[PDB]
Each structure stands twice: as structure tokens, then as C-alpha cells.
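Report on the structure given below.
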Amino acid sequence: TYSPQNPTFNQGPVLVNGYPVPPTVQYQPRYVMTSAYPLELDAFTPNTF
Amino acid sequence: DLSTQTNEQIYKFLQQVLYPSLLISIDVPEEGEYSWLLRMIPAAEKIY
Amino acid sequence: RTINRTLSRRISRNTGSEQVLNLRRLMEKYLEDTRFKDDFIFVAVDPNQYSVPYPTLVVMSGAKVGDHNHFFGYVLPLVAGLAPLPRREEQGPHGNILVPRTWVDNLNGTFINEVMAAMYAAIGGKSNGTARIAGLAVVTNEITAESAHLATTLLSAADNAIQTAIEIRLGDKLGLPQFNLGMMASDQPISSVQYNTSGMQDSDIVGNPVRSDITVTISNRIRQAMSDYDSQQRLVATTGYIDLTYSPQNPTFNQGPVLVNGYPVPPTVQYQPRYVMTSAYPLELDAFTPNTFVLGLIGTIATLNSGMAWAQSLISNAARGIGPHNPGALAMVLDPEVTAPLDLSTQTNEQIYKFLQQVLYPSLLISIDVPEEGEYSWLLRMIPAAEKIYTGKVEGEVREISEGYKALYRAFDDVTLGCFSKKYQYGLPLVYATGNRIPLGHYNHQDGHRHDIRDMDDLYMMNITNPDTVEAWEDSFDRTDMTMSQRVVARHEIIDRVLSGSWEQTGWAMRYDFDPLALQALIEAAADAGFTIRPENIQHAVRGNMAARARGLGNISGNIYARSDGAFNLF
Amino acid sequence: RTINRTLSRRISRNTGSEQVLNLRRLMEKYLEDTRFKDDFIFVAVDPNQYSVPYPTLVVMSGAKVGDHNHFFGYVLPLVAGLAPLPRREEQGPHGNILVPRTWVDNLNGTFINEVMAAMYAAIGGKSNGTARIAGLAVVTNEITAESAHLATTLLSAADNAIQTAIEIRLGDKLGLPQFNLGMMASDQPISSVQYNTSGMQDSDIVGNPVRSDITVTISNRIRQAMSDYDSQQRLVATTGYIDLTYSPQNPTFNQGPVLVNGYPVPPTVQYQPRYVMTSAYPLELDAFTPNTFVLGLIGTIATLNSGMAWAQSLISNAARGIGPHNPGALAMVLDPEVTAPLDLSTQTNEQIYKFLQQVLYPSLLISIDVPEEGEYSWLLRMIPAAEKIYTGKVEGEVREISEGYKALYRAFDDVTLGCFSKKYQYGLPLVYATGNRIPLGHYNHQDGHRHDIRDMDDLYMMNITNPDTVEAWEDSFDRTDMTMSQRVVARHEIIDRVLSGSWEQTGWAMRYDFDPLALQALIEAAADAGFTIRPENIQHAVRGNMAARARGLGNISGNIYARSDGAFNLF
């Protein structure tokens with residue numbers, strides 16, 4: 001996901017886990033879940049999810 | 001082409017352009033085998 | 001364990017199968033028409049009533065001497081459709097490590113005790129006879145109602161194992177002979193070799209691939225006396241491949257030069273060729289016993305040394321060009337500056353031979369892989385048993401000698417009609433242990449076939465990966481301050497990284513090698529018993545006079561020439 | 001052993017000496033004129049009648065409480081003129097190794113039992129009192145009839161040790177006070193530091209050199225009220241040097257940046273400075289106890305952090321140019337291509353400081369070397385005793401705490417009049433063990449003096465040897481999968497190769513380091529008790545306005561601004 005950091009707005013640096021990042025970083029990784037299913041369980045309920 | 005680089009070199013290359021965190025998302029189908037189960041996620045979006 | 005009973009559903013997608021019922025039905029159906037209906041007993045052992053990890057079937061048969069009955073069984077665990085074993089945490093010098101396991105790791109003493117109890121319940125009791133286990137093999141492929149061929153093959157293997165056990169244990173009392181070289185006295189043995197490395201490989205009884213770079217066939221030649229017809233009868237076959245072992249020579253230790261066959265070698269030579277045997281099986285012989293295995297070993301050794309015929313494997317591999325089995329990767333060893341493997345597909349055979357002579361020792365090491373379970377593991381377990389020569393038992397005068405050593409020595413002596421005893425001293429080594437545990441399995445090749453996992457060797461690492469991986473692989477094969485589990489972990493990690501985790505493991509094997517002096521004595525003893533062999537496929541005028549060099553007079557005796565013509569003692 | 005008696009000769013070149021007779025005579029001669037003639041007892045133990053390895057002398061003195069007598073002894077083995085110990089073969093993971101030994105390795109429990117028996121025979125019997133050992137020191141230099149000064153110094157050391165033991169054991173019943181910071185309430189403490197690295201070094205009681213790169217002196221300032229005279233009174237001194245520890249930062253593990261004092265550091269920083277204390281001794285104080293040691297520690301910590309005063313040692317060393325202590329060797333660490341240490345003798349101080357800021361962490365680690373025997377080993381053994389916080393003894397509710405930890409905590413709390421207890425939690429760590437055994441000894445320097453063997457450190461290896469040796473040295477200092485004997489062997493081998501075998505070893509030492517949180521709490525508690533110090537020797541206008549930056553208004557609250565203005569639900 002495209003997500004540039006704006007330093008020119010007189011804001012503080014971007015901190016991830018309390019640590020600053022290099023000025024060239026501009027993309028945010030994202031994990032997308034596509035499916036979930038049982039293997040040896042007979043029943044699949046919201047708690048199993 | 002990065003097929004001739006070692007793993008640490010590729011990791012260092014990636015550290016210059018990507019944020020070191022992950023966003024968790026999910027695709028909810030409008031109909032399917034488990035749509036009845038997964039429709040609970042959209043239902044919780046409106047708190048009040 | 002009982003989650004399904006608690007949270008239950010009416011219709012289930014997983015129901016399981018009945019492999020033991022399917023296999024037993026096929027075997028009985030095959031036997032119902034022959035005359036051996038009553039010679040076999042089938043015993044079903046399942047975890048619901050015995051403490052066993054997998055469903056198994058036992059094939060039993062008996063023999064009677066005097067008034068006593070003796071029973072022998074062949075065990076077949078069926079594991080298709082089960083989850084693979086997890087990793088086990090062990091204790092190391094630094095900390096904890098996780099070690100891979102496979103199916104055979106669960107077959108301990110408890111399993112043997114349970115199988116024996118089931119067998120005794122089958123025959124009637126302890127008073128009805130005696131029972132012993134004759135073999136074991138794991139079946140990893142599914143058994144359906146359309147698997148008649150596999151059932152017939154498994155039944156044949158069980159029958160051969162049981163019959164051989166009966167012979168070895170009670171031949172003298174039952175008058176059963178065994179193979180020896182005297183039965184080949186009135187005919188002419190021959191041999192042949194095939195080098196093939198592209199395409200499908202050999203397969204085992206279950207159906208899994210086996211590495212077969214080199215194949216040797218031993219036959220018998222026949223001619224009709226009056227009608228002049230020609231024919232041959234094929235006896236036994238053997239498969240294997242060629243590997244490399246790092247072994248630098250140290251001149252700086254003020255030692256003498258390394259001599260091979262009494263000849264010095266160039267200073268740049270640092271790798272030792274090694275031959276690894278992967279399988280051996282009969283062709284038209286009905287029975288396969290340890291003596292037949294000795295015959296196969298003799299034939300293979302004679303063929304592979306016929307004019308350096310083993311180097312033809314590397315020369316043939318060099319013709320494909322750049323690839324995982326290219327011998328041109330040794331150019332990087334020879335010259336450090338060279339960083340890319342060399343292409344030798346446009347060189348003549350003698351040029352390639354000359355190139356190889358600068359980096360390899362001119363001798364061969366004979367080794368063998370012994371599986372922990374399989375079709376012929378019962379036969380091949382005799383090699384590990386002979387590794388320990390002496391039981392440390394107290395001796396009145398001369399130390400006691402173990403039983404496995406005795407069995408192997410007796411086989412060698414009986415095949416050659418008693419000449420081995422006169423050639424080799426009783427008590428000298430026959431077999432050495434390397435200490436390496438090798439995995440067995442398969443993976444998907446880019447040509448559409450399944451290939452043996454043993455394709456990953458030193459040459460593969462030289463051609464495919466970087467030098468750090470090569471160093472790590474060789475180190476796990478050679479270092480003496482590493483335990484077995486540590487070596488297993490190192491090799492497993494490298495294979496998993498190279499293949500991206502897309503492979504399947506089926507078993508384990510251990511590697512042993514023979515003593516060269518014992519092998520030379522065996523060849524000489526076989527010759528002294530009247531046995532000769534004629535290889536038929538070995539390939540490779542020259543100007544000059546060769547006899548003139550040997551007739552030169554160098555030096556003469558020196559007696560033919562006329563001979564020419566205070567402080568210390570002070571006190 | 002009795003070869004000389006068998007093959008004997010009338011005149012012998014080796015006759016030996018009587019060190020115990022010489023030393024005892026000198027001590028008694030010194031005491032014969034004072035008023036303490038009857039306060040001391042001298043006991044001679046020799047191998048001819050007791051099971052001891054060396055000739056030893058014991059100095060004893062007593063104290064009486066009630067009707068009971070208590071006796072304390074100081075032990076002095078004399079080893080000049082004997083052959084050095086041989087190497088001992090040990091067991092390793094791979095095989096056998098030969099480990100060096102020195103004089104102290106022979107002083108085991110049997111030696112202690114024999115010394116105690118001799119002491120009991122001296123005083124009359126078990127019914128005449130009780131005996132305890134108060135200290136131990138090995139004398140490696142010869143004693144002749146012209147060694148009065150050495151005898152007097154040894155007697156003084158023994159007296160101080162015995163008196164301190166009596167105080168610690170029986171002060172409450174005997175009414176004996178101990179030092180604390182309340183006695184410095186009406187005066188002004190001061191401190192001074194000297195950086196010297198060329199020439200002679202400091203010496204111990206026997207006369208062997210001690211590494212003294214940094215020396216700190218703690219004094220007291222006095223002014224006469226009416227006459228206005230000025231004077232100072234010197235109390236205690238401390239010596240030590242600066243070392244380096246390899247400690248790379250790993251950014252690739254997806255962790256946060258390394259923060260020192262809440263500030264990030266440049267990516268090229270990879271070495272951690274370390275301060276090692278080598279000795280501490282009194283100057284004009286007659287008594288030296290654990291409380292006095294605490295005062296010395298407080299003074300040293302306060303002085304070394306006064307405006308980065310410790311980096312002045314490296315800056316001063318950089319002025320000599322190319323040599324074994326040149327900090328310019330770190331240029332090879334910074335840039336790989338650079339292969340020769342840099343010369344920094346023509347740079348200004350700020351330039352050198354800027355160069356150092358690119359490779360070093362801006363903090364200091366406090367460590368100490370504890371000798372296994374020596375003049376003050378009885379005092380300094382309390383540091384190792386506090387390393388184990390908890391005895392694993394079963395607890396009704398709260399786990400039991402050990403006695404050594406209690407003693408160290410009590411000393412810290414008593415010196416500061418009970419403020420340390422309010423600042424630091426009871427049961428938190430105070431001391432860590434590194435696990436490294438360090439040799440003690442000396443060698444011949446090219447300037448004509450004997451130098452401490454502790455001159456061989458990381459910087460020496462960087463400047464003198466090749467990078468492989470540097471890697472081996474650091475690895476023996478840091479790897480956790482190496483036993484103690486293996487590290488000792490590795491370091492011994494490197495030193496022997498560098499010095500060509502021309503050196504002498506005298507003893508052993510172990511290295512410990514303090515907890516930084518405990519040290520900060522100790523400094524704060526000392527301040528809260530009314531104690532202040534004024535360093536007098538610390539060195540290091542600037543344009544600009546520094547207060548203007550702090551008065552800038554950055555941001556304001558956002559509340560001051562006016563605010564603007566089917567499938568899922570199907571069933």
C-alpha cells in the first residue's frame with residue numbers, strides 16, 4: 001500500500017516500535033487472508049475461527 | 001534482478017523501502033461455503 | 001483426542017479406509033487357486049486391541065523338525081493416509097536442538113513384544129511351537145481394490161525371506177543346499193555395464209525411485225552342442241553412483257609423498273573418488289540369499305576395475321554441458337581465480353581424462369548404503385553386525401570373536417570353497433563404520449518425474465550453490481567432533497533451503513565401507529576356485545615398440561673392475 | 001627421589017637456603033625494641049614434618065572475650081628457588097588437553113587442614129582457644145639477611161588483616177567502630193587523576209609491576225581558621241586501564257535502534273569501552289577495611305564520569321604515534337580497504353574525539369580483577385561471594401537470601417548511613433560473573449624495565465599481529481560454548497607465540513563487573529548523606545546563545561480552533 005511520509009509539514013518523524021525509519025521508506029506491507037477451513041475437526045464454528 | 005544475491009543482502013535492500021510492520025486484513029465473500037460464519041466481521045463495524 | 005465426540009456433527013468428510021482388509025483379501029484371492037492354500041497364516045494387528053502405532057499385517061509360515069514346530073513371520077506396517085511425525089527435542093553441548101524423525105523411528109522394543117504376542121495367539125500357544133520375526137518393511141502407498149500386482153510382489157518377497165531363514169537355521173538337519181561357485185564350473189560367466197543419467201530411474205518394490213547412474217548385470221553364456229544355438233541367462237543386477245570426498249595431502253608435515261600403487265601423484269590432487277552401492281536384486285533366479293549377494297559383489301568389483309571403467313561415468317556426464325552433474329566444476333578447485341564452472345562438451349575423451357588426472361586420486365573406495373527397513377534389510381543387516389570383531393569377554397588365552405564377524409567370514413569362505421581362509425588371516429578387519437545417517441525420499445524433477453533425494457551430493461553443491469554451503473556440507477560429512485544428531489540437523493537444513501521445502505522423506509540408511517585388503521583376497525580366492533569372468537561392454541592403434549624399453553641393461557656389478565693398488569691419549 | 005643418596009658425591013654445588021629462618025629472624029629483630037614483643041606468635045611449617053608443598057611461616061595473634069580466646073593467623077608460603085609446576089592433562093569434548101598451572105593451584109583442602117593442625121599445636125590445644133585463617137599470600141622473591149624493609153612491610157600487612165578480622169567478627173561485643181561518610185561532614189573532599197603510560201609502572205608488596213594507565217587519588221582539604229594555612233591529607237588511591245569489547249549491533253533482526261542515554265548512535269559503532277580496576281591501597285590511613293574500599297569506589301566513579309574524563313586516556317595515548325597502544329588501529333575496523341593503522345599525532349583533540357565518536361559507544365563498563373591470593377585478597381573475596389543471590393533452600397513463603405550478598409549489601413548501606421536501602425530494592429543484582437580466568441606475571445620490556453603481562457589486550461593485537469589472531473583472542477573472551485580450561489589454553493598459546501616464550505607467570509585472577517543500576521543508586525545515596533566531591537584536575541569560549549533554544553514554543557492544543565460544521569443483513 002502506497003503511504004508516503006510527509007516531513008515538510010513540520011511534524012515529528014515517523015516512529016515504528018519507537019524507532020525512526022529511513023527517509024526513503026514509502027510502502028506499507030499488508031497481509032490478506034483468503035480462506036480458513038478445518039482439517040480433522042468435524043465442526044467449524046466462530047470459536048474455531 | 002536479485003537472483004544472485006544472498007538473503008541478508010535482499011533483506012537490507014528491502015529495509016530501505018518498506019515499513020517494518022504488518023497490517024492484518026481479510027476478504028469476506030458475499031456468498032459461499034462459509035459466508036454465514038464470516039458475516040459476523042462486517043456486523044461488528046458499527047459500534048453504536 | 002476425543003474432541004469429535006464432544007463437538008460432534010452428523011455427516012463427516014473424513015471416514016478413513018481399511019488397508020489391512022484390502023491387502024489380506026487380495027493375497028487370499030491370489031492363493032485360493034494354487035496348491036499352497038494352507039501354507040500361510042495371516043494375522044491382523046490393529047491399535048484398537050494391541051499397543052502398536054500403525055495398522056500392520058503379518059504373514060506366517062512354518063516348518064517341522066522332529067516333533068517340534070518352528071514359525072517365522074514377515075511384518076508389514078501400512079502408513080498411507082496418516083500425519084507425518086513431528087520433530088523431537090534433544091540435548092546438545094550448547095543447548096537444545098530439534099531433530100527430524102520418520103516412520104521407522106516408532107518401531108521400538110514394545111512394538112516387537114506386541115507383534116510376538118499376537119503371533120503366539122495366532123498359532124495356539126507357547127506349547128504349539130516357537131515364533132520368530134523374519135523381516136520388516138513399511139508400505140507408504142495406498143492399497144485399493146485394484147492393486148493385485150503389488151500384493152503379489154509383497155507375497156513373493158515374504159515367501160523368499162521366510163524360506164531363507166528356515167534354510168540358514170535348519171539346513172544341516174533338513175538337508176537344504178546353498179549357492180557356491182562350484183555350480184558355475186561348466187559354463188562361461190559374462191558381465192555388462194550401462195551408464196544412463198537422463199530420464200526415469202530404477203524403482204523399489206513400493207514404487208519409489210532409486211539412483212542408478214551405473215548398472216551392472218551378471219549373466220551366464222550357453223551354447224547348444226549340436227544345433228549351435230546361442231543364448232544367455234541373466235542372474236543378478238546392481239546399481240550405484242560415484243561421489244567425491246575431500247582429502248588434502250599434507251606435504252608440510254615433513255612426511256613422504258603420497259603413493260598410489262607405488263606411484264607418486266601431482267601436488268594438486270585433493271579429491272578421492274567413491275562408489276556407493278544402492279541396490280542389488282535377482283533377475284531370473286528365484287532365490288536370493290547372502291551367497292548370491294557375494295556373487296553380485298564379486299561381479300561388480302571385477303567389472304568396475306576393467307581398464308578404469310568407472311571414470312567413464314564422469315566422462316559421460318561431462319557431455320551434457322552446464323548442469324548439476326558437470327565435472328567441470330573442479331576447475332574452480334584447481335585455479336582459485338576461476339569463478340565459473342567450465343564447459344567441457346567440446347573436448348575429446350583423452351583431453352577430459354587428462355583434466356581429471358590433475359585433481360583426482362587414481363583409486364576407488366567401495367561403500368554401501370544399508371536401509372533400516374525395506375525389502376532386503378533382513379539380508380543386508382549382516383554387514384553392520386560384522387563391524388565389531390571382538391566381544392570383550394574374558395579369555396583364557398585368546399580373545400573371543402563375535403558372531404556377526406563369524407557369519408560374514410563364513411559366507412565369504414563358503415562361496416569360494418575354502419580358499420578365502422587360506423588367503424586372509426582370521427580376525428583381520430572386514431568392514432568399517434563411517435557414522436553417517438543418510439535420509440531416503442523423493443522430490444519432483446523439472447522433467448516430470450520423481451527423483452531420488454540422493455541426487456544432492458558434493459558435485460550438486462559445487463554446481464548450484466555458493467562455496468560456504470559446500471564447506472558446510474563437507475564438514476558435516478567429515479568432522480569427528482560432531483554427534484550424529486548434529487550432522488543430521490545440518491544436512492536437513494541445507495536440503496530444505498535448497499529445495500524450498502518441497503520434498504518427502506520416507507526412511508533412513510547408514511553408510512559402511514569395505515577393507516581393500518579383504519576385497520583383494522576375495523578376488524584372488526575366487527580365481528583360485530576356478531571362476532573367471534569376461535566383460536563384454538568395456539570400451540578402450542598406438543605407435544611405438546613397448547617391449548624394447550623392458551630389455552634395456554641398466555647397471556652391472558662393480559666387482560668386475562680392477563681395484564686400485566695427542567691430548568686424548570696423554571693419560 | 002633418592003637418586004643423590006644412591007649415586008652420591010662428597011661436594012655438592014646446590015645446598016639450598018633457609019628462607020623461613022631468615023624471615024622469622026628479621027621480624028623478631030624488628031619487634032624486639034617496641035612494646036608489642038608478646039603480641040605475636042610465629043609458627044614454622046616445613047614439609048619434613050607436615051604434609052605441605054612449600055615452606056611456610058604463620059603469624060598469629062589473639063583476642064579475648066569473656067573467658068574465651070580467639071586466634072587468627074596469616075599464612076606466607078615462600079617459593080623462591082623451586083622448580084615451576086608442570087602442566088596437567090585434562091579431559092575435553094574432543095580429547096585431552098594440557099593446562100598450565102602456577103603456585104596457587106597446589107593450595108587445596110589438605111594444606112588448610114595441615115596449617116590448622118600446626119596452629120593448634122602452637123597455642124596448646126583445643127581447650128586453649130579457637131583458631132581461624134585470616135589471609136594468604138605467596139612470596140616469589142628471595143629473602144636474604146639484607147631484606148629488612150620487605151619483612152617490615154609483610155608484618156604490617158599481616159597485622160592489618162588480623163585486626164580487621166577481629167573487628168568484623170567481634171566489634172559489637174568489643175565496642176570497635178568502623179568508617180562511614182559521617183566522619184567527613186566538616187571538611188571538603190577533593191580528587192585528582194593522572195594519565196601516565198611511559199616509563200616505570202606501579203609495584204605490589206613483593207615488587208612486581210602493576211598496570212597503572214589511570215591513577216585516581218582521593219584527599220581531604222583543610223584550612224586553618226585564624227592563621228590561614230592550607231594543607232591536604234591523602235586517603236586512598238586506585239589504578240586501572242581501559243579495554244575494548246566487540247559488540248556489534250544487529251539492525252536486520254527487525255528490532256529498534258540501539259539507544260544510549262535515550263539517544264541513537266551511528267550505524268558504524270561496534271566497540272564497547274571497559275574500565276578494569278587493578279589495585280586499591282591506602283596512603284595515609286593506617287587501616288584498610290571494606291568500608292574504605294567502598295569510599296575508594298565512590299571516588300573513582302565520580303571522577304571518571306566528570307565530563308568524559310576517561311576518553312582522555314585514549315586521546316593521550318594517540319599522541320605517541322605508531323605503537324602498541326595506538327587508537328588509530330580502529331581505522332581498519334571503520335573502512336575495510338584500509339590495511340595499515342593510522343597516525344593521529346598531528347590532529348587536534350577535537351578531531352580525535354570526533355574520530356572516536358564513530359566507532360565507540362558513549363558509556364563505560366566497570367569491572368575489577370580479583371586475585372586468588374595476595375595482599376588484599378582476603379578483603380576482595382567479598383565480591384565473588386555476592387554473585388549468588390539465593391540459596392535454593394526451601395522457603396515457607398519467601399526464598400532465603402545468601403550470606404555474601406547480605407555482607408555486600410550491608411557494607412553499601414552502612415557507609416551511606418542507611419540511604420542505600422531506601423534507594424535500591426533488597427534482592428536485586430549487584431555483581432555479575434564473566435567466567436574468564438586471567439594470568440598474572442611479567443616480562444622484559446625494551447626500555448629496560450619489567451612490565452605487567454596485562455599489557456597484552458585487544459589493541460595490542462590489532463597493532464602488532466594479523467587479523468586471525470585478533471579473531472581468536474576475542475573469541476576466547478566471548479564465546480559461551482567454551483569451557484574455562486579451553487579459554488585458558490587458547491590465551492596461553494597466543495601469548496607464548498607473541499613473546500617467544502620469554503615471560504614468567506606468578507598467579508591467577510578472575511574478572512567481575514558491577515550492575516549499573518546499583519552504582520547509580522549508590523551515587524545518589526552518597527549524595528543524600530551529605531557527601532560532595534570536587535575534582536581538581538579535569539580539563540575541558542564558545543559562541544552562541546544556549547538559552548534561546550529551550551524557550552521555543554512548538555505546538556498548541558487543537559481545541560482552540562472552531563470545529564467544522566445487503567447480503568449480510570438479508571437473513
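If you're wondering about the labels, chains in the C-alpha cells are A, B, ... by order shown, residues count from 1 in each chain, ligands from 1 in order shown.
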Give the residues of chain D that lie within 12 Å of chain C; count only C-alpha atoms, and format the answer as a short mmCIF file (atom, residue, chain, number, x, y, z; two decimals) with N, CA and C atoms, in the first residue's frame.
```cif
data_model
loop_
_atom_site.label_atom_id
_atom_site.label_comp_id
_atom_site.auth_asym_id
_atom_site.auth_seq_id
_atom_site.Cartn_x
_atom_site.Cartn_y
_atom_site.Cartn_z
N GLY D 92 38.64 -33.22 27.53
CA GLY D 92 37.88 -32.28 26.75
C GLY D 92 36.84 -32.97 25.88
N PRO D 93 35.95 -32.17 25.28
CA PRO D 93 34.94 -32.76 24.39
C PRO D 93 35.54 -33.52 23.22
N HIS D 94 36.66 -33.05 22.68
CA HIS D 94 37.30 -33.74 21.58
C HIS D 94 38.31 -34.77 22.05
N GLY D 95 39.12 -34.42 23.05
CA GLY D 95 40.17 -35.29 23.52
C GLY D 95 40.83 -34.79 24.79
N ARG D 479 33.02 -16.35 23.55
CA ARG D 479 32.18 -17.49 23.21
C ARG D 479 31.68 -18.20 24.45
N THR D 480 30.41 -18.60 24.42
CA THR D 480 29.76 -19.22 25.57
C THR D 480 29.79 -20.74 25.54
N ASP D 481 30.17 -21.35 24.43
CA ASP D 481 30.25 -22.80 24.34
C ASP D 481 31.66 -23.33 24.57
N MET D 482 32.49 -22.57 25.28
CA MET D 482 33.85 -22.98 25.59
C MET D 482 33.98 -23.09 27.10
N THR D 483 34.60 -24.18 27.57
CA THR D 483 34.84 -24.34 28.99
C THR D 483 35.99 -23.43 29.44
#
```
Got a sec: who's within 7 Å of range 340-345 of chain D, counting only C-alpha atoms, leaving out chain neighbours fewer than 4 positions off, as a VMD selection string? chain D and resid 318 to 322 328 to 329 331 to 332
Based on the selection just made, write N, CA and C atoms of those residues as a JSON list (two decimals), in the first residue's frame.
```
[["chain", "number", "residue", "atom", "x", "y", "z"],
["D", 318, "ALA", "N", 47.10, 8.54, 21.91],
["D", 318, "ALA", "CA", 47.23, 8.80, 20.49],
["D", 318, "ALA", "C", 48.37, 9.74, 20.15],
["D", 319, "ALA", "N", 48.94, 10.44, 21.12],
["D", 319, "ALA", "CA", 49.97, 11.42, 20.84],
["D", 319, "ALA", "C", 51.33, 10.81, 20.57],
["D", 320, "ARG", "N", 51.57, 9.56, 20.97],
["D", 320, "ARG", "CA", 52.87, 8.96, 20.72],
["D", 320, "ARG", "C", 53.07, 8.55, 19.27],
["D", 321, "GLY", "N", 51.99, 8.28, 18.55],
["D", 321, "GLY", "CA", 52.11, 7.82, 17.18],
["D", 321, "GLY", "C", 52.01, 6.32, 17.04],
["D", 322, "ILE", "N", 52.75, 5.75, 16.09],
["D", 322, "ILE", "CA", 52.68, 4.31, 15.85],
["D", 322, "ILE", "C", 53.26, 3.58, 17.05],
["D", 328, "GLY", "N", 44.60, 4.53, 16.60],
["D", 328, "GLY", "CA", 44.39, 4.64, 15.18],
["D", 328, "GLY", "C", 44.21, 3.32, 14.47],
["D", 329, "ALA", "N", 44.41, 2.21, 15.17],
["D", 329, "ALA", "CA", 44.17, 0.90, 14.58],
["D", 329, "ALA", "C", 42.70, 0.68, 14.26],
["D", 331, "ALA", "N", 40.90, 2.49, 12.50],
["D", 331, "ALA", "CA", 40.63, 2.89, 11.13],
["D", 331, "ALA", "C", 40.46, 1.69, 10.22],
["D", 332, "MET", "N", 41.12, 0.58, 10.54],
["D", 332, "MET", "CA", 40.92, -0.64, 9.78],
["D", 332, "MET", "C", 39.54, -1.24, 10.02]]
```
Write out as an mmCIF file with N, CA and C atoms, in the first residue's frame each polymer residue whose atoms come within 6 Å of range 73-80 of chain C, counting only C-alpha atoms; drop sequence neighbours fewer than 5 positions from it.
```cif
data_model
loop_
_atom_site.group_PDB
_atom_site.id
_atom_site.type_symbol
_atom_site.label_atom_id
_atom_site.label_comp_id
_atom_site.auth_asym_id
_atom_site.auth_seq_id
_atom_site.Cartn_x
_atom_site.Cartn_y
_atom_site.Cartn_z
ATOM 1 N N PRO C 55 -1.525 -49.667 11.745
ATOM 2 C CA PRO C 55 -2.113 -50.960 11.375
ATOM 3 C C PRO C 55 -1.107 -51.810 10.617
ATOM 4 N N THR C 56 -0.975 -53.076 11.014
ATOM 5 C CA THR C 56 0.008 -53.971 10.415
ATOM 6 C C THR C 56 -0.612 -55.322 10.085
ATOM 7 N N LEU C 57 -0.012 -55.998 9.115
ATOM 8 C CA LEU C 57 -0.372 -57.353 8.740
ATOM 9 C C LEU C 57 0.864 -58.239 8.805
ATOM 10 N N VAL C 58 0.703 -59.459 9.311
ATOM 11 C CA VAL C 58 1.806 -60.400 9.480
ATOM 12 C C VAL C 58 1.530 -61.643 8.652
ATOM 13 N N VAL C 59 2.516 -62.070 7.866
ATOM 14 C CA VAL C 59 2.438 -63.278 7.051
ATOM 15 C C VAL C 59 3.314 -64.345 7.695
ATOM 16 N N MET C 60 2.720 -65.479 8.053
ATOM 17 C CA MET C 60 3.404 -66.522 8.798
ATOM 18 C C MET C 60 3.444 -67.827 8.020
ATOM 19 N N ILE C 133 10.694 -63.453 14.196
ATOM 20 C CA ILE C 133 10.465 -62.440 13.173
ATOM 21 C C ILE C 133 11.526 -62.571 12.095
ATOM 22 N N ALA C 134 11.097 -62.568 10.836
ATOM 23 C CA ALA C 134 11.990 -62.792 9.715
ATOM 24 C C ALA C 134 12.236 -61.567 8.844
ATOM 25 N N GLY C 135 11.510 -60.474 9.033
ATOM 26 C CA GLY C 135 11.730 -59.292 8.214
ATOM 27 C C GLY C 135 10.718 -58.217 8.530
ATOM 28 N N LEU C 136 10.940 -57.042 7.939
ATOM 29 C CA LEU C 136 10.094 -55.884 8.181
ATOM 30 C C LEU C 136 10.197 -54.903 7.021
ATOM 31 N N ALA C 137 9.065 -54.326 6.626
ATOM 32 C CA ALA C 137 9.046 -53.344 5.551
ATOM 33 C C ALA C 137 7.838 -52.431 5.701
ATOM 34 N N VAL C 138 8.032 -51.140 5.450
ATOM 35 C CA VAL C 138 6.986 -50.134 5.572
ATOM 36 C C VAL C 138 6.418 -49.857 4.186
ATOM 37 N N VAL C 139 5.096 -49.852 4.070
ATOM 38 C CA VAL C 139 4.401 -49.610 2.810
ATOM 39 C C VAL C 139 3.793 -48.216 2.873
ATOM 40 N N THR C 140 4.297 -47.301 2.051
ATOM 41 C CA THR C 140 3.893 -45.905 2.109
ATOM 42 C C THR C 140 2.872 -45.509 1.057
ATOM 43 N N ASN C 141 2.415 -46.432 0.222
ATOM 44 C CA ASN C 141 1.472 -46.104 -0.833
ATOM 45 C C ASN C 141 0.135 -46.781 -0.578
ATOM 46 N N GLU C 142 -0.941 -46.116 -0.986
ATOM 47 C CA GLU C 142 -2.284 -46.588 -0.681
ATOM 48 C C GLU C 142 -2.601 -47.900 -1.386
ATOM 49 N N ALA C 158 7.864 -61.862 0.942
ATOM 50 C CA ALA C 158 7.720 -62.513 2.240
ATOM 51 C C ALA C 158 8.099 -63.986 2.173
#
```
Quick one: which residues from chain B are at most 12 Å off chain C, using only C-alpha atoms, as a PyMOL selection string? chain B and resi 3-7
At most 9 Å to chain A: residues in chain D, only C-alpha atoms, as a PDB file with C-alpha atoms, in the first residue's frame:
```pdb
ATOM      1  CA  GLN D 255      14.473  -4.541  16.261  1.00  0.00           C
ATOM      2  CA  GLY D 256      14.512  -0.936  17.394  1.00  0.00           C
ATOM      3  CA  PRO D 257      17.681   1.141  17.164  1.00  0.00           C
TER       4      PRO D 257
END
```
Could you tell me which residues of chain A sit within 7 Å of chain B when counting only C-alpha atoms, and give me the result as a count of residues only? 13
Got a sec: who's within 6 Å of range 186-196 of chain D, counting only C-alpha atoms, leaving out chain neighbours fewer than 6 positions off, as number ranges by chain? D: 213-221, 533-537
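Between CA of residue 507 in chain C and CA of residue 97 in chain C there is a distance of 20.4 Å.
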Using only C-alpha atoms, which residues sit within 12 Å of residue 8 in chain B once same-chain residues fewer than 5 positions away are excluded, as number ranges by chain? B: 2, 13-15; D: 250-253
Counting only C-alpha atoms, what is within 9 Å of residue 145 in chain D, bar same-chain residues fewer than 4 positions away, as an MDAnalysis selection string? chainID D and resid 22:23 25:26
For the atom pair CA of residue 459 in chain D and CA of residue 271 in chain D, what is the interatomic distance in Å to one decimal place?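 Between CA of residue 459 in chain D and CA of residue 271 in chain D the gap is 11.7 Å.
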Mind listing the strand (DSSP E or B) residues of chain B, per DSSP on the backbone, as a PDB file with C-alpha atoms, in the first residue's frame?
```pdb
ATOM      1  CA  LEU B  18       9.247  -0.919   3.434  1.00  0.00           C
ATOM      2  CA  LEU B  23      -1.355  -4.906   8.504  1.00  0.00           C
ATOM      3  CA  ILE B  24      -3.915  -7.685   9.028  1.00  0.00           C
ATOM      4  CA  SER B  25      -6.859  -7.746   6.599  1.00  0.00           C
ATOM      5  CA  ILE B  26      -9.459 -10.244   5.395  1.00  0.00           C
TER       6      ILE B  26
END
```
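Once residue 300 in chain D and its same-chain neighbours fewer than 2 positions away are set aside, residues 191, 216, 217, 218, 237, 238, 295, 296, 297, 298, 302, 303, 304 and 305 of chain D remain within 9 Å of it when counting only C-alpha atoms.
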Could you state the separation of CA of residue 389 in chain C and CA of residue 429 in chain C in Å, given to one decimal place?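 So the two atoms, CA of residue 389 in chain C and CA of residue 429 in chain C, lie 7.3 Å apart.
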